[PDB]
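Visitor: Okay, so here is input_35.cif, and as you'll see once you scroll down, it has mmCIF, N, CA and C atoms.
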```cif
data_work
#
loop_
_atom_site.label_atom_id
_atom_site.label_comp_id
_atom_site.auth_asym_id
_atom_site.auth_seq_id
_atom_site.Cartn_x
_atom_site.Cartn_y
_atom_site.Cartn_z
N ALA A 1 -68.60 115.45 295.40
CA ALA A 1 -69.52 116.58 295.23
C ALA A 1 -68.87 117.58 294.28
N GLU A 2 -69.42 118.80 294.25
CA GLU A 2 -68.90 119.89 293.43
C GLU A 2 -68.88 119.53 291.94
N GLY A 3 -69.75 118.61 291.54
CA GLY A 3 -69.79 118.15 290.16
C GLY A 3 -70.58 119.06 289.24
N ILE A 4 -69.94 119.55 288.19
CA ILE A 4 -70.58 120.44 287.23
C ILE A 4 -70.83 119.68 285.93
N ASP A 5 -71.73 120.22 285.12
CA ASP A 5 -72.01 119.69 283.79
C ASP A 5 -70.98 120.27 282.84
N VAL A 6 -69.95 119.47 282.52
CA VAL A 6 -68.88 119.94 281.64
C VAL A 6 -69.30 120.08 280.19
N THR A 7 -70.54 119.70 279.84
CA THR A 7 -71.04 119.78 278.48
C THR A 7 -71.94 120.98 278.24
N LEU A 8 -72.08 121.87 279.22
CA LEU A 8 -72.93 123.04 279.05
C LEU A 8 -72.34 123.96 277.99
N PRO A 9 -73.19 124.60 277.18
CA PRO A 9 -72.69 125.56 276.19
C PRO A 9 -71.86 126.65 276.86
N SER A 10 -70.69 126.92 276.28
CA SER A 10 -69.78 127.93 276.79
C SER A 10 -69.48 129.04 275.80
N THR A 11 -69.93 128.93 274.55
CA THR A 11 -69.65 129.93 273.52
C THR A 11 -70.75 130.98 273.55
N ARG A 12 -70.46 132.12 274.16
CA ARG A 12 -71.37 133.26 274.17
C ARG A 12 -71.25 134.12 272.92
N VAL A 13 -70.27 133.85 272.06
CA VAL A 13 -70.07 134.59 270.83
C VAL A 13 -70.82 133.88 269.71
N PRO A 14 -71.61 134.58 268.90
CA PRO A 14 -72.37 133.91 267.84
C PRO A 14 -71.45 133.32 266.78
N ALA A 15 -72.03 132.44 265.97
CA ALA A 15 -71.26 131.75 264.95
C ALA A 15 -70.90 132.70 263.81
N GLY A 16 -69.63 132.70 263.43
CA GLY A 16 -69.17 133.50 262.31
C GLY A 16 -68.54 132.64 261.24
N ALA A 17 -68.40 133.17 260.03
CA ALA A 17 -67.87 132.39 258.92
C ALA A 17 -67.44 133.31 257.80
N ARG A 18 -66.28 133.03 257.21
CA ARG A 18 -65.89 133.67 255.97
C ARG A 18 -66.54 132.95 254.79
N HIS A 19 -66.70 133.67 253.69
CA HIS A 19 -67.37 133.10 252.54
C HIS A 19 -66.50 132.01 251.90
N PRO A 20 -67.10 130.92 251.44
CA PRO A 20 -66.30 129.85 250.81
C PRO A 20 -65.59 130.30 249.55
N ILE A 21 -66.17 131.22 248.78
CA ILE A 21 -65.50 131.73 247.59
C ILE A 21 -64.24 132.49 247.97
N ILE A 22 -64.32 133.29 249.04
CA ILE A 22 -63.13 133.98 249.54
C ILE A 22 -62.13 132.97 250.09
N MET A 23 -62.63 131.90 250.73
CA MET A 23 -61.74 130.86 251.23
C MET A 23 -61.05 130.12 250.09
N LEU A 24 -61.78 129.85 249.00
CA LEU A 24 -61.18 129.20 247.85
C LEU A 24 -60.16 130.10 247.17
N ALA A 25 -60.48 131.39 247.02
CA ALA A 25 -59.52 132.34 246.48
C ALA A 25 -58.29 132.45 247.37
N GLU A 26 -58.48 132.36 248.68
CA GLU A 26 -57.35 132.37 249.61
C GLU A 26 -56.48 131.14 249.41
N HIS A 27 -57.10 129.97 249.23
CA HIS A 27 -56.33 128.74 249.04
C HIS A 27 -55.66 128.72 247.67
N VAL A 28 -56.32 129.27 246.65
CA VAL A 28 -55.70 129.35 245.33
C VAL A 28 -54.51 130.30 245.37
N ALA A 29 -54.64 131.42 246.08
CA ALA A 29 -53.54 132.37 246.17
C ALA A 29 -52.35 131.77 246.89
N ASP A 30 -52.59 131.06 248.00
CA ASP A 30 -51.49 130.43 248.73
C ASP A 30 -50.77 129.40 247.89
N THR A 31 -51.48 128.73 246.98
CA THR A 31 -50.85 127.73 246.13
C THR A 31 -49.85 128.38 245.16
N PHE A 32 -50.22 129.52 244.59
CA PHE A 32 -49.35 130.17 243.61
C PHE A 32 -48.24 130.98 244.27
N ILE A 33 -48.49 131.52 245.47
CA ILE A 33 -47.42 132.19 246.21
C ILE A 33 -46.34 131.19 246.58
N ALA A 34 -46.74 129.98 246.99
CA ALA A 34 -45.78 128.94 247.33
C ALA A 34 -44.96 128.48 246.13
N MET A 35 -45.41 128.78 244.92
CA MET A 35 -44.68 128.46 243.71
C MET A 35 -43.88 129.65 243.19
N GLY A 36 -43.85 130.75 243.93
CA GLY A 36 -43.08 131.92 243.56
C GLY A 36 -43.88 133.04 242.92
N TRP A 37 -45.12 132.79 242.53
CA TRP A 37 -45.93 133.80 241.88
C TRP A 37 -46.41 134.84 242.89
N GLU A 38 -47.00 135.92 242.38
CA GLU A 38 -47.49 137.01 243.20
C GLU A 38 -48.94 137.31 242.82
N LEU A 39 -49.55 138.23 243.56
CA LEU A 39 -50.95 138.59 243.38
C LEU A 39 -51.04 139.99 242.79
N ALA A 40 -51.63 140.10 241.60
CA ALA A 40 -51.89 141.37 240.96
C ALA A 40 -53.36 141.75 241.12
N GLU A 41 -53.64 143.04 240.94
CA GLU A 41 -54.98 143.57 241.14
C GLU A 41 -55.39 144.44 239.96
N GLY A 42 -56.70 144.63 239.83
CA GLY A 42 -57.25 145.44 238.77
C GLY A 42 -58.64 145.95 239.11
N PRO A 43 -59.00 147.11 238.56
CA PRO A 43 -60.31 147.68 238.85
C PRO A 43 -61.43 146.92 238.16
N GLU A 44 -62.61 146.96 238.78
CA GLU A 44 -63.78 146.30 238.20
C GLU A 44 -64.33 147.09 237.02
N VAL A 45 -64.46 148.40 237.17
CA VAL A 45 -64.83 149.27 236.06
C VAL A 45 -63.59 149.48 235.21
N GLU A 46 -63.57 148.88 234.02
CA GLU A 46 -62.40 148.86 233.16
C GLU A 46 -62.65 149.65 231.89
N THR A 47 -61.58 150.16 231.30
CA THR A 47 -61.66 150.82 230.01
C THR A 47 -61.73 149.77 228.90
N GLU A 48 -62.37 150.15 227.79
CA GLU A 48 -62.42 149.27 226.63
C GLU A 48 -61.05 149.07 226.00
N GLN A 49 -60.11 149.99 226.25
CA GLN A 49 -58.75 149.81 225.75
C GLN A 49 -58.08 148.59 226.36
N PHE A 50 -58.40 148.28 227.62
CA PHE A 50 -57.78 147.16 228.32
C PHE A 50 -58.63 145.90 228.31
N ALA B 1 -82.57 164.64 270.30
CA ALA B 1 -82.37 163.60 271.30
C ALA B 1 -80.90 163.51 271.70
N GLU B 2 -80.65 163.27 272.98
CA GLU B 2 -79.29 163.26 273.49
C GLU B 2 -78.49 162.11 272.88
N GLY B 3 -77.25 162.42 272.51
CA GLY B 3 -76.37 161.42 271.95
C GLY B 3 -75.59 160.66 273.01
N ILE B 4 -75.03 159.53 272.59
CA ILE B 4 -74.25 158.68 273.49
C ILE B 4 -72.77 159.03 273.37
N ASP B 5 -71.97 158.55 274.31
CA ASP B 5 -70.51 158.68 274.23
C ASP B 5 -70.00 157.57 273.32
N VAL B 6 -69.68 157.92 272.07
CA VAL B 6 -69.23 156.94 271.10
C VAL B 6 -67.85 156.38 271.41
N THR B 7 -67.12 157.00 272.34
CA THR B 7 -65.77 156.57 272.69
C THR B 7 -65.73 155.69 273.92
N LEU B 8 -66.89 155.27 274.43
CA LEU B 8 -66.91 154.38 275.58
C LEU B 8 -66.25 153.05 275.22
N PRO B 9 -65.56 152.42 276.17
CA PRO B 9 -64.94 151.11 275.89
C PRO B 9 -66.00 150.09 275.50
N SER B 10 -65.70 149.33 274.44
CA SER B 10 -66.61 148.31 273.94
C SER B 10 -65.98 146.92 273.87
N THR B 11 -64.67 146.81 274.06
CA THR B 11 -63.99 145.52 274.00
C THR B 11 -64.11 144.83 275.35
N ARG B 12 -65.05 143.89 275.45
CA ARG B 12 -65.24 143.12 276.67
C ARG B 12 -64.34 141.89 276.75
N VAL B 13 -63.59 141.60 275.70
CA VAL B 13 -62.64 140.49 275.69
C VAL B 13 -61.26 141.05 276.01
N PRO B 14 -60.51 140.43 276.92
CA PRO B 14 -59.18 140.96 277.27
C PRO B 14 -58.24 140.94 276.07
N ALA B 15 -57.20 141.77 276.16
CA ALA B 15 -56.25 141.90 275.06
C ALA B 15 -55.40 140.64 274.95
N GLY B 16 -55.32 140.09 273.74
CA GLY B 16 -54.51 138.93 273.46
C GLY B 16 -53.31 139.29 272.59
N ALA B 17 -52.38 138.34 272.49
CA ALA B 17 -51.16 138.56 271.74
C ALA B 17 -50.42 137.26 271.44
N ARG B 18 -50.03 137.06 270.19
CA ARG B 18 -49.11 135.99 269.85
C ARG B 18 -47.68 136.43 270.16
N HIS B 19 -46.84 135.46 270.51
CA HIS B 19 -45.48 135.78 270.90
C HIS B 19 -44.70 136.34 269.72
N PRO B 20 -43.88 137.37 269.92
CA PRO B 20 -43.14 137.96 268.80
C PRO B 20 -42.18 136.99 268.13
N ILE B 21 -41.61 136.05 268.88
CA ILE B 21 -40.70 135.07 268.28
C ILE B 21 -41.46 134.17 267.32
N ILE B 22 -42.66 133.73 267.71
CA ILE B 22 -43.48 132.90 266.83
C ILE B 22 -43.87 133.68 265.58
N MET B 23 -44.16 134.97 265.74
CA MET B 23 -44.53 135.79 264.58
C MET B 23 -43.34 136.02 263.66
N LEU B 24 -42.14 136.18 264.23
CA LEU B 24 -40.95 136.30 263.40
C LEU B 24 -40.70 135.02 262.61
N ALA B 25 -40.89 133.87 263.24
CA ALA B 25 -40.79 132.60 262.52
C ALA B 25 -41.84 132.52 261.42
N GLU B 26 -43.04 133.05 261.67
CA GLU B 26 -44.07 133.06 260.64
C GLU B 26 -43.67 133.94 259.46
N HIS B 27 -43.06 135.09 259.74
CA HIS B 27 -42.61 135.96 258.65
C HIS B 27 -41.42 135.36 257.92
N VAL B 28 -40.52 134.69 258.65
CA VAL B 28 -39.39 134.02 258.01
C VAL B 28 -39.88 132.90 257.11
N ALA B 29 -40.82 132.09 257.61
CA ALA B 29 -41.36 131.00 256.81
C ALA B 29 -42.09 131.51 255.58
N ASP B 30 -42.84 132.61 255.72
CA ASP B 30 -43.55 133.18 254.58
C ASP B 30 -42.57 133.68 253.53
N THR B 31 -41.43 134.22 253.96
CA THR B 31 -40.45 134.76 253.02
C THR B 31 -39.87 133.66 252.14
N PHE B 32 -39.49 132.53 252.75
CA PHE B 32 -38.89 131.44 251.98
C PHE B 32 -39.93 130.64 251.20
N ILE B 33 -41.15 130.53 251.72
CA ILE B 33 -42.20 129.83 250.98
C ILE B 33 -42.56 130.60 249.72
N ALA B 34 -42.56 131.94 249.80
CA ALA B 34 -42.82 132.76 248.63
C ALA B 34 -41.74 132.62 247.56
N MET B 35 -40.61 132.00 247.88
CA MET B 35 -39.55 131.74 246.91
C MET B 35 -39.54 130.29 246.44
N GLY B 36 -40.49 129.47 246.89
CA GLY B 36 -40.58 128.08 246.49
C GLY B 36 -40.09 127.08 247.51
N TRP B 37 -39.47 127.53 248.60
CA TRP B 37 -38.96 126.62 249.61
C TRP B 37 -40.10 126.00 250.40
N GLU B 38 -39.76 125.03 251.24
CA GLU B 38 -40.72 124.34 252.09
C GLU B 38 -40.20 124.29 253.52
N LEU B 39 -41.06 123.86 254.43
CA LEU B 39 -40.76 123.81 255.86
C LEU B 39 -40.59 122.36 256.29
N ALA B 40 -39.43 122.03 256.83
CA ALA B 40 -39.14 120.71 257.36
C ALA B 40 -39.00 120.78 258.88
N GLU B 41 -39.26 119.65 259.54
CA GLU B 41 -39.31 119.58 261.00
C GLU B 41 -38.30 118.57 261.52
N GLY B 42 -38.20 118.51 262.85
CA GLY B 42 -37.33 117.58 263.52
C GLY B 42 -37.46 117.64 265.03
N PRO B 43 -37.59 116.48 265.66
CA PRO B 43 -37.60 116.41 267.12
C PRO B 43 -36.44 117.17 267.75
N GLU B 44 -36.66 117.66 268.97
CA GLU B 44 -35.64 118.43 269.69
C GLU B 44 -34.62 117.51 270.36
N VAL B 45 -35.07 116.38 270.90
CA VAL B 45 -34.16 115.35 271.39
C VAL B 45 -33.71 114.53 270.19
N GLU B 46 -32.44 114.66 269.82
CA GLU B 46 -31.89 114.03 268.63
C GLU B 46 -30.83 113.02 269.03
N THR B 47 -30.53 112.10 268.10
CA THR B 47 -29.42 111.18 268.29
C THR B 47 -28.11 111.87 267.95
N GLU B 48 -27.04 111.46 268.65
CA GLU B 48 -25.73 112.02 268.39
C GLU B 48 -25.24 111.71 266.98
N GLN B 49 -25.76 110.65 266.36
CA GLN B 49 -25.39 110.34 264.99
C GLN B 49 -25.80 111.46 264.04
N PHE B 50 -27.00 112.01 264.22
CA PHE B 50 -27.50 113.06 263.34
C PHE B 50 -27.04 114.45 263.77
#
```
Can the structure in the file be given as C-alpha cells, please?

Guide:
Amino acid sequence: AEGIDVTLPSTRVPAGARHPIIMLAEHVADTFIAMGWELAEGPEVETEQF
Amino acid sequence: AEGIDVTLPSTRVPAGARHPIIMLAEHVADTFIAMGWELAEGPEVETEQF
C-alpha cells in the first residue's frame, strides 16, 4: 500500500531560459579566456573619431 | 488607495549555499584556466606505484 504516482509533475516554478545569443557569447568568451585572452567593453553610442 | 508593505518577505524558497571549499576550488580553477592551464583528475584510491 502507500503507493504514490512518482511521475506526477513536481516543478511549481515556470520554465525559464537564457537567450541562445547570450549563451553563444558566453561560450565564445569562455573559449578565449581559456586561451589567456580577456573581455573588453565599449559603448553602443560611439564617436565618429573611434 | 492604500499601499502595501513593499518590505514583506517574498522568498518562499529556503536559503541555499554552495560549500566555500568548492567555491575556492572554482576560483582557483578559474585563475589557472585564465592563464591557459587545464584541469586534470584522478581517483582517490590510488596504487602505491603512482

Visitor: For the structure provided, state which residues fall under the PyMOL selection byres ((chain B) within 8 of (chain A)), and present them as an MDAnalysis selection string.

Guide: chainID B and resid 32:37

Visitor: Lay chain A over chain B using all C-alpha atoms, matched one to one in order, with a least-squares fit; then write it out as a compact mmCIF listing (two decimals) with N, CA and C atoms, in the frame of the given file.

Guide:
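Produced file selection10.txt, reproduced below:
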```txt
# COMPACT_ATOMS: atom_id res chain seq x y z
N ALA A 1 -81.05 165.30 270.82
CA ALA A 1 -81.03 164.43 272.01
C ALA A 1 -80.51 163.06 271.58
N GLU A 2 -80.71 162.07 272.45
CA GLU A 2 -80.31 160.69 272.20
C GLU A 2 -78.81 160.56 271.94
N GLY A 3 -78.03 161.50 272.47
CA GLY A 3 -76.60 161.52 272.25
C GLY A 3 -75.83 160.60 273.18
N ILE A 4 -75.07 159.67 272.62
CA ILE A 4 -74.29 158.72 273.40
C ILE A 4 -72.81 159.09 273.30
N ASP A 5 -72.04 158.57 274.24
CA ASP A 5 -70.59 158.72 274.24
C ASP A 5 -70.01 157.64 273.33
N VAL A 6 -69.67 158.03 272.09
CA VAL A 6 -69.14 157.07 271.13
C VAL A 6 -67.73 156.60 271.44
N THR A 7 -67.09 157.15 272.48
CA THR A 7 -65.74 156.79 272.86
C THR A 7 -65.68 155.84 274.04
N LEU A 8 -66.82 155.35 274.51
CA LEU A 8 -66.83 154.43 275.64
C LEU A 8 -66.16 153.12 275.25
N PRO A 9 -65.42 152.49 276.17
CA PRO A 9 -64.82 151.18 275.87
C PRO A 9 -65.89 150.18 275.45
N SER A 10 -65.61 149.47 274.36
CA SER A 10 -66.52 148.47 273.83
C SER A 10 -65.92 147.07 273.77
N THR A 11 -64.63 146.90 274.05
CA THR A 11 -63.97 145.60 273.98
C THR A 11 -64.09 144.92 275.33
N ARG A 12 -65.02 143.98 275.43
CA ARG A 12 -65.18 143.16 276.63
C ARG A 12 -64.25 141.96 276.65
N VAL A 13 -63.52 141.70 275.56
CA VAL A 13 -62.59 140.60 275.47
C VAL A 13 -61.21 141.10 275.88
N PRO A 14 -60.49 140.41 276.76
CA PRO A 14 -59.18 140.89 277.20
C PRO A 14 -58.17 140.89 276.06
N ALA A 15 -57.07 141.59 276.29
CA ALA A 15 -56.05 141.73 275.26
C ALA A 15 -55.28 140.42 275.09
N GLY A 16 -55.14 140.00 273.84
CA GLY A 16 -54.36 138.81 273.53
C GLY A 16 -53.23 139.12 272.59
N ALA A 17 -52.24 138.23 272.49
CA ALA A 17 -51.07 138.48 271.67
C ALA A 17 -50.33 137.19 271.42
N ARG A 18 -49.89 136.98 270.18
CA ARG A 18 -48.95 135.92 269.88
C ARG A 18 -47.53 136.39 270.18
N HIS A 19 -46.65 135.43 270.44
CA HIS A 19 -45.29 135.78 270.82
C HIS A 19 -44.54 136.37 269.62
N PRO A 20 -43.71 137.38 269.84
CA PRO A 20 -42.97 137.98 268.71
C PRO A 20 -42.01 137.01 268.05
N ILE A 21 -41.43 136.07 268.80
CA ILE A 21 -40.55 135.08 268.19
C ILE A 21 -41.32 134.18 267.24
N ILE A 22 -42.54 133.79 267.64
CA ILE A 22 -43.40 133.01 266.75
C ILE A 22 -43.82 133.86 265.56
N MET A 23 -44.06 135.16 265.79
CA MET A 23 -44.41 136.05 264.69
C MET A 23 -43.24 136.22 263.71
N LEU A 24 -42.01 136.32 264.24
CA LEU A 24 -40.85 136.42 263.37
C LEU A 24 -40.62 135.14 262.60
N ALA A 25 -40.77 133.98 263.26
CA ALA A 25 -40.67 132.71 262.56
C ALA A 25 -41.75 132.57 261.50
N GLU A 26 -42.94 133.10 261.77
CA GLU A 26 -44.01 133.09 260.78
C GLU A 26 -43.64 133.95 259.58
N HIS A 27 -43.06 135.12 259.83
CA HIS A 27 -42.68 136.01 258.72
C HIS A 27 -41.49 135.45 257.95
N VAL A 28 -40.55 134.80 258.65
CA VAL A 28 -39.43 134.17 257.96
C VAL A 28 -39.92 133.01 257.10
N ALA A 29 -40.87 132.23 257.61
CA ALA A 29 -41.39 131.11 256.84
C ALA A 29 -42.12 131.59 255.59
N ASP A 30 -42.94 132.64 255.72
CA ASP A 30 -43.65 133.17 254.56
C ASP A 30 -42.70 133.68 253.50
N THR A 31 -41.54 134.20 253.91
CA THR A 31 -40.58 134.71 252.94
C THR A 31 -40.00 133.57 252.09
N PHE A 32 -39.70 132.44 252.71
CA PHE A 32 -39.09 131.33 251.98
C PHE A 32 -40.12 130.51 251.21
N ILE A 33 -41.36 130.44 251.71
CA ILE A 33 -42.42 129.78 250.95
C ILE A 33 -42.69 130.55 249.67
N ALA A 34 -42.69 131.88 249.74
CA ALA A 34 -42.89 132.71 248.56
C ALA A 34 -41.77 132.56 247.54
N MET A 35 -40.63 132.03 247.94
CA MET A 35 -39.52 131.78 247.05
C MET A 35 -39.48 130.33 246.57
N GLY A 36 -40.48 129.54 246.93
CA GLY A 36 -40.57 128.16 246.49
C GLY A 36 -40.12 127.13 247.52
N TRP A 37 -39.48 127.55 248.59
CA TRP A 37 -38.99 126.62 249.60
C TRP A 37 -40.15 126.09 250.44
N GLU A 38 -39.85 125.08 251.27
CA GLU A 38 -40.84 124.45 252.12
C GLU A 38 -40.31 124.41 253.55
N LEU A 39 -41.15 123.94 254.46
CA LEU A 39 -40.84 123.90 255.89
C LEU A 39 -40.64 122.46 256.32
N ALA A 40 -39.44 122.14 256.81
CA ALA A 40 -39.13 120.84 257.36
C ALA A 40 -39.13 120.90 258.88
N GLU A 41 -39.26 119.73 259.50
CA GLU A 41 -39.36 119.63 260.95
C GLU A 41 -38.41 118.57 261.48
N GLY A 42 -38.11 118.68 262.78
CA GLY A 42 -37.23 117.75 263.44
C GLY A 42 -37.45 117.73 264.94
N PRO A 43 -37.18 116.58 265.56
CA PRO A 43 -37.38 116.47 267.00
C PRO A 43 -36.34 117.24 267.79
N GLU A 44 -36.73 117.68 268.99
CA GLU A 44 -35.81 118.40 269.86
C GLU A 44 -34.81 117.45 270.51
N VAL A 45 -35.28 116.32 271.02
CA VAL A 45 -34.39 115.28 271.52
C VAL A 45 -33.85 114.52 270.32
N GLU A 46 -32.57 114.71 270.02
CA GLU A 46 -31.94 114.18 268.82
C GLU A 46 -30.91 113.13 269.17
N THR A 47 -30.66 112.21 268.24
CA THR A 47 -29.60 111.24 268.39
C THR A 47 -28.26 111.88 268.06
N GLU A 48 -27.20 111.36 268.68
CA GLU A 48 -25.85 111.83 268.37
C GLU A 48 -25.43 111.48 266.95
N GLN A 49 -26.08 110.48 266.33
CA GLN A 49 -25.78 110.16 264.94
C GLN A 49 -26.15 111.30 264.01
N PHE A 50 -27.21 112.05 264.34
CA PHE A 50 -27.68 113.14 263.49
C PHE A 50 -27.19 114.50 263.94
```

Visitor: As a list in words, please: every residue in chain B that a backbone DSSP assignment puts in helix (DSSP H, G or I).

Guide: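 The residues of chain B classed as helix (DSSP H, G or I) are residues 20, 21, 22, 23, 24, 25, 26, 27, 28, 29, 30, 31, 32 and 33 of chain B.
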
Visitor: Could you tell me how far atom CA of residue A:11 lies from atom CA of residue B:16, in Å and to one decimal?

Guide: 17.6 Å

Visitor: Between atom C of residue B:14 and atom N of residue A:8, what is the distance, to one decimal in Å?

Guide: 23.8 Å

Visitor: Mind giving me the straight-line distance from atom N of residue B:42 to atom CA of residue A:27 in Å, one decimal?

Guide: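 It comes out at 25.0 Å.
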
Visitor: Pick out the closest residue to residue A:26 from this set: A:4, A:46, A:10, A:39. Count only C-alpha atoms.

Guide: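 Using only C-alpha atoms, residue A:26 sits closest to A:39.
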